[PDB]
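Student:
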Amino acid sequence: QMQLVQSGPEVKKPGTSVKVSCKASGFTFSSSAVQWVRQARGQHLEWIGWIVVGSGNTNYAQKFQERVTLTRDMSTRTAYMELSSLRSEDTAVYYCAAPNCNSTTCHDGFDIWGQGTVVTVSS
Amino acid sequence: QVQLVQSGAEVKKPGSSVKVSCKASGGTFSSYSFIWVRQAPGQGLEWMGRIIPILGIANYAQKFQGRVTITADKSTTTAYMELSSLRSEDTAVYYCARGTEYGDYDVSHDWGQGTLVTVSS
Amino acid sequence: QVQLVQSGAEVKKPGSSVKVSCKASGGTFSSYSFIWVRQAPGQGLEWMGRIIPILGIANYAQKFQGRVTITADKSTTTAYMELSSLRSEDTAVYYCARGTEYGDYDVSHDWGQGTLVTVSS
Amino acid sequence: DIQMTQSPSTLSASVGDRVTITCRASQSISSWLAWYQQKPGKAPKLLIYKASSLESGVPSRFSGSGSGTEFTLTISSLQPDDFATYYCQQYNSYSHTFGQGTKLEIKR
Amino acid sequence: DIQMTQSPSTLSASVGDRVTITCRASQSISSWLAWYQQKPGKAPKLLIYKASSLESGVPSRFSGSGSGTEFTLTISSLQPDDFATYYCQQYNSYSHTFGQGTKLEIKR
Amino acid sequence: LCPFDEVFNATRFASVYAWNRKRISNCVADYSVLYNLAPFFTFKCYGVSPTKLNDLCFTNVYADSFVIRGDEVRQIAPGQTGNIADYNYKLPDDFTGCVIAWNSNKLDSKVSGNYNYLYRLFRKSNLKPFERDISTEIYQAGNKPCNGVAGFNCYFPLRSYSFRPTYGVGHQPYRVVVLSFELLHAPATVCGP
Amino acid sequence: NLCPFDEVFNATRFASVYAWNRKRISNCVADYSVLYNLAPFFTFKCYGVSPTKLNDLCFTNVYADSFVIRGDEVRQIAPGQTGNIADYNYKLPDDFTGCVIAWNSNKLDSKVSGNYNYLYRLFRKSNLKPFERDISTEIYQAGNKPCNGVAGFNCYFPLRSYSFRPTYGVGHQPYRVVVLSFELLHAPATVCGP
Amino acid sequence: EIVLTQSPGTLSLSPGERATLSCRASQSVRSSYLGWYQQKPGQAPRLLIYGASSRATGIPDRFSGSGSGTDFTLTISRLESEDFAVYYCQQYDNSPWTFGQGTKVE
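Protein chains in written order, with PDB author numbering: chain K, 1 to 85, 86C, 87 to 123; chain G, 1 to 121; chain I, 1 to 121; chain H, 1 to 108; chain F, 1 to 108; chain B, 335 to 527; chain C, 334 to 527; chain J, 1 to 106.
#1: Which residue comes first and which comes last in the beta strand (DSSP E) that contains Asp398 of chain C?
#2: How is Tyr94 of chain F classed by DSSP in three states: helix, strand or coil?
#3: Rounded to whole angstroms, what's the CA-CA distance from residue 109 of chain F to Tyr87 of chain F? Just pull it up for me.
#4: Following the continuous beta strand (DSSP E) through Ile434 of chain B, name the residue where it begins and the one where it ends.
#5: Just confirm the distance between the C-beta atoms of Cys432 of chain B and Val524 of chain B, as a whole number of angstroms; I'd bet it's less than 8 Å.
#6: Could you tell me the alpha carbon to alpha carbon distance between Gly26 of chain I and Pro479 of chain C, rounded to whole angstroms?
#7: Around the Cβ of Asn370 of chain B, are there at least 16 other Cβ atoms within 10 angstroms (buried) or fewer (exposed)?
#8: With H, G and I counted as helix, E and B as strand and the rest as coil, what does DSSP make of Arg30 of chain J?
#9: Closest to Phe338 of chain C by CA distance: which of C:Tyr351, C:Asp364, C:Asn354 is it?
#10: My guess is that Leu86C of chain K and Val37 of chain K are in contact by the Cβ rule of under 8 Å, so how many angstroms apart are they, rounded?
#11: Report the CB separation of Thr393 of chain B from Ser30 of chain G in whole angstroms; it is logged as a contact under 8 Å.
#12: Can you list the residues of chain G that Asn450 of chain B reaches, using a CB-CB cut of under 7 Å?
#13: Who does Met4 of chain H pair with in a DSSP beta bridge?
#14: In whole angstroms, what is the alpha-carbon distance linking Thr78 of chain I and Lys23 of chain I?
#15: Taking 7 Å as the CB-CB limit, is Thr345 of chain C close to chain I?
#16: At a cut of 8 Å, does the stretch 396-405 of chain C reach the stretch 503-513 of chain C through at least three beta carbon pairs?
#17: Are there 16 or more other CB atoms within 10 angstroms of the CB of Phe374 of chain B, so buried, or fewer, so exposed?
#18: So is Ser88 of chain G in contact with chain B if we call contact Cβ pairs under 7 Å?
#19: So, using beta-carbon positions, are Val407 of chain B and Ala435 of chain B closer together than 7 Å?
#20: With H, G and I counted as helix, E and B as strand and the rest as coil, what does DSSP make of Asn59 of chain K?
#21: Going along the chain, which residues of the stretch 472-502 of chain B sit with their C-beta nearer than 9 Å to a C-beta in chain G?
#22: How should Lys107 of chain F be labelled, buried or exposed, when 16 other C-beta atoms within 10 angstroms of its C-beta is the threshold for buried?
#23: Need the endpoints of the beta strand (DSSP E) that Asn354 of chain C sits in, please.
#24: Buried or exposed: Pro8 of chain H, going by 16 or more other Cβ atoms within 10 Å of its Cβ?
#25: Comparing alpha-carbon positions, which option in K:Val11, K:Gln43, K:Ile112 lies nearest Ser25 of chain K?
#26: Going by CA-CA distance only, name the one from K:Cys101, K:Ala92, K:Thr104, K:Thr105 that's closest to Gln39 of chain K.
#27: Starting from the beta carbon of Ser60 of chain F, find every residue of chain B whose beta carbon is closer than 9 Å, and list them in chain order.
#28: Candidates G:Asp110, G:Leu83, G:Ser121: which alpha carbon is nearest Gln1 of chain G's?
#29: Please report how far the alpha carbon of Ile48 of chain F lies from the alpha carbon of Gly64 of chain F, in whole angstroms.
#30: Compute the beta-carbon to beta-carbon distance between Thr117 of chain K and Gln3 of chain K, rounded to the nearest angstrom, for a pair I have assumed lies under 8 Å.
#31: Quick check on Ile418 of chain C: does DSSP put it in helix, strand or coil?
#32: Three or more beta-carbon pairs under 8 Å between the stretch 93-104 of chain G and the stretch 36-53 of chain I, yes or no?
#33: Out of curiosity, what's the CA-to-CA distance linking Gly447 of chain C and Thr91 of chain I?
#34: Could you tell me how far apart the beta carbons of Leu21 of chain J and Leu79 of chain J are, in whole angstroms, since I believe they sit closer than 8 Å?
#35: Where does the unbroken alpha helix (DSSP H) through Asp339 of chain B begin, and where does it stop?
#36: Name the two residues that bound the continuous beta strand (DSSP E) containing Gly99 of chain I.
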């Protein structure tokens, strides 16, 4: 069964760094891709970036391109997103979304979704 | 076989930015990497950076970080070099060179004719 | 018949590296394989790597690649383990083991007395 | 990696009794296995390799068996010099993991 | 920023003579080096890359050799086409620098 | 003698996807020289004993050279599968000959990073034995026709071996030369001294 | 009083080809039906006597040599053959008598990491005599400059390793080989079948 | 580089009837690279309309895309109580991917 299981909520302090990962299983992950979006409580979604699983090519948003990085591990079939230079306005829910695949033809669009993590930056 | 043509003479004020276009003609375009080199009137050749449009690796000199952008379009078969925040010492002759996959992506196999870019008031 | 003797205790700053010797006397050196096992202060044992001098093949653990190097000296019939870029949790007790060609290269037949490494202020 | 677990974690026995230590692997490791014994504060000692072969010098009271993802170690007659900690080990594929370590004690 | 030094900065010879030029670095640059010649008023053209391989279309009289931190260029027969300025360039580690350049001129 | 210097001592080797092919015939080929390539290197021989290659005769001998990753060289063997085997270079099951591979740390490494060694990544079908693919059209991974754009579900098929001396042994460049012996009804000429 | 073929065929580890093992069989009754329960694809080529009629015979002295070789090298174990194995590790006499048994043993001698315990000699100055064992491990001098005990230029190591793995092809998986060497002498039979 | 204007901000209809969502883009976008997402309050969004006309697996038939040239639309041909949530639409083209403000249906 295809699923994206994501890490748990974390709380950090301004000036620190955050690390979040979600584990993929149940579909052909060798040809998929994952994008990260953030959403504060009651706010609209915002696009962060996306990475190819088998190539490593990355694409970031114009605003956050200096404080986001994307890493993946093929052995553990995991996607990692790190955000640096924490601020008080970065409390939002982060999601990882991927297409579906059958190892021959992959799904068109981002259909499968994770559960989301709540991150708080306070002091 | 391969021929390259650059733009003409360019003059601009110290408080502005310059963009110069390099045009490539001939050969496959998926095996090419574009390199830009500056030659001032009173010194030797100096290096800025190299880009690989197909594979998406671009790098610039440490001095020019945040000041030089090089980008190309696969369909137009041209290359672009942009320099921002000009200074009075930036006047020079700018040359367009290109590598080759069968050779090396870092050497300059073929060169353009160079554009005279000067800054004055 | 074959006994292994190690070096003494070591204390190092976190940002340093350690060298541990392992002298084996007895038998033929060609048919000998050295493996290294690390034991936490209160936890179970942990595998690091295996070296076979006669065939010139080395293999290290997943997390320890790029930090640990195991070499052997034929003339001095000793073994060495270089662990660079130490950290706070690397403190442990380090054992040196031997693999016999007849029995098995991967299995540890003979053990050294062990050495203790402490990383702190 | 191959994750191996032992059971039971702690065993309580008296002299002259027969004990068995169960060792399981997450994946198939063929017939490659090793057993060790470590006294408190001393270096370990090899007991059994290939899961059936007995290392030279080990007394005859020890005996092991197993085929794949299931191995056991049995002591025919316990002796006062057998109270220690025992570790598994598999040497199939790199990252040769050990076991959690079974401790065997005395009954009062 | 590996620094390249070219010597001599002033060199003169005769027609039909043999000329040699050296090119020294500051660190080890493996076997990555290049040689361009720029006729005054024109654009440069590659002559040798990898310090040994001769770029196609260049006449055969040119030659280069080197292993590390010491590289040489030798022209067997001097020709009226051969009087220009010659530069080095290393492309190991980023910020691929250039050389000062050597001037060639006829012996009056 | 036989021109092995051009195959074993060339300055640069071709990328794995566009591998080279050299025809060797009508020469006295001494295979004992190739034991000094490196202190430790792979010399697996399939179907022929390497100790009796100095007196046998073959109608033709083929040489194929390329550069691959250090830990990924095990895929160059009959009946194997992986990334190189079924996308770049496929060895037939009924293969006779030898494969030679040695480390090339000092010759194919750059601190900046070597980008001239590429390997194909995406194909719709695998490769038959001894078949080349140099096509670089954009690969389609989904359904909707992307007609030549690098969006998602439509990627460039060729990646790069970003070689660098700081890498581990598994990621180090390895030069591989595959000799493909064969005999036919034609007379054999390639005989050792 | 059956002969002990179980301890030869069912041993836990077979010896390397270069240092092959040797066993003597005598003073027992030998029935060969027991070894037909082996792996279903064991090659049983026998020189000098048909394999099926080995029961009702009275041999004088019987030997058994065991080792492990590659799949394609099982052809070299035959009288008069040539190659690396036939010359430097195990040489059979031209007038050889007895059978040979070889069954694939991929499930017992293969590691995913790689089984490095099985070696084979590669270099030697001269061919082996029939039934000769050479376990010396000196440096081979393939040129003119003396080696002096260093494995440098033109000074190779005579031994390599059969790094067995389960993902290898059929032709490189390990094969266990047992060679029986019967004979007829002036002394009367000590081993007779039923 | 790509703007998808959304109106109205709020919607007020009752079930058994037919609702209208609208995402209007500012430039030319190809129908093969846009999607529509729905999340229940607090839940992660799910994909509904990709290809500007094609449902996903498990999509109820009551939805059916419109997919114009540059002004996409999706008329809800039948409501159930589940369909009351917030909705967002995204563009997948070469430009940095963006989202709409979000339409609320009561």
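The beta carbon of each residue, even a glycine, is placed where N, CA and C say it ideally should be.
Tutor: This is what the structure holds:
#1: 395-402 is the extent of the beta strand (DSSP E) around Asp398 of chain C.
#2: Note: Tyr94 of chain F maps to coil in three-state DSSP.
#3: Any answer about residue 109 of chain F is impossible in this case: the structure gives chain F only from 1 up to 108.
#4: Unbroken beta strand (DSSP E) run through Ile434 of chain B: 431-437.
#5: At roughly 14 Å, the Cβ-Cβ gap does not stay under 8 Å, so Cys432 of chain B and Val524 of chain B are not in contact.
#6: If you draw a straight line from the Cα of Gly26 of chain I to the Cα of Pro479 of chain C, it comes to about 28 Å.
#7: Residue environment: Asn370 of chain B is assigned as exposed (fewer than 16 neighbouring CB atoms within 10 Å of its CB, all protein chains considered).
#8: Residue state, collapsed to three classes: coil.
#9: Closest in C-alpha terms to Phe338 of chain C, from the list C:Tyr351, C:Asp364, C:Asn354, comes C:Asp364.
#10: Wrong, their Cβ atoms sit about 18 Å apart, outside the cutoff.
#11: About 39 Å separates the two Cβ atoms, so there is no contact after all.
#12: At a beta-carbon threshold of 7 Å, the residues of chain G lying near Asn450 of chain B are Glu101, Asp104, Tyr105, ordered along the chain.
#13: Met4 of chain H pairs with H:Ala25.
#14: Using only the alpha carbons, I get a separation of about 4 Å.
#15: Interface flag for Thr345 of chain C against chain I is unset, since no Cβ pair is found closer than 7 Å.
#16: The answer is yes - the stretch 503-513 of chain C touches the stretch 396-405 of chain C, with three or more Cβ pairs under 8 Å.
#17: In summary, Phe374 of chain B is exposed, with fewer than 16 beta-carbon neighbours lying within 10 Å of its beta-carbon over all protein chains present.
#18: For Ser88 of chain G, the answer is no, since every Cβ of chain B falls outside 7 Å of its Cβ.
#19: Judged by their CB atoms, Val407 of chain B and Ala435 of chain B are nearer to each other than the 7 Å cut-off.
#20: Under the three-state reduction of DSSP, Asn59 of chain K is assigned to strand.
#21: Within the stretch 472-502 of chain B, the residues whose Cβ lies closer than 9 Å to some Cβ of chain G are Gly482, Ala484, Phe490, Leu492, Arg493, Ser494, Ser496, listed in chain order.
#22: Looking at its Cβ environment, which holds fewer than 16 other Cβ atoms inside 10 Å, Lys107 of chain F is exposed.
#23: It spans 354-358 - the beta strand (DSSP E) in which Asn354 of chain C sits, taken as one unbroken run.
#24: That one is exposed.
#25: Selected option, being the one with the closest Cα: K:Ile112.
#26: Shortest Cα-Cα distance from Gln39 of chain K to any of K:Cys101, K:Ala92, K:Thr104, K:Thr105 involves K:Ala92.
#27: Residues of chain B passing the Cβ test: none, with the nearest at roughly 17 Å.
#28: Ranking G:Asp110, G:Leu83, G:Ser121 by Cα distance to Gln1 of chain G puts G:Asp110 first.
#29: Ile48 of chain F and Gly64 of chain F: Cα-Cα distance of roughly 7 Å.
#30: Not really, about 16 Å apart at Cβ, beyond 8 Å.
#31: Helix, per DSSP.
#32: Flag = no, the stretch 93-104 of chain G and the stretch 36-53 of chain I do not touch.
#33: Rounded to whole angstroms, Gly447 of chain C to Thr91 of chain I spans 31 Å at the Cα level.
#34: Between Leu21 of chain J and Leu79 of chain J, the beta carbon gap of about 12 Å keeps them out of contact (Cβ cut-off 8 Å).
#35: Taken as a continuous stretch (DSSP letters only), the alpha helix (DSSP H) holding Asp339 of chain B covers 339-342.
#36: Counted as a single uninterrupted DSSP element, the beta strand (DSSP E) harbouring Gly99 of chain I occupies residues 92-100.
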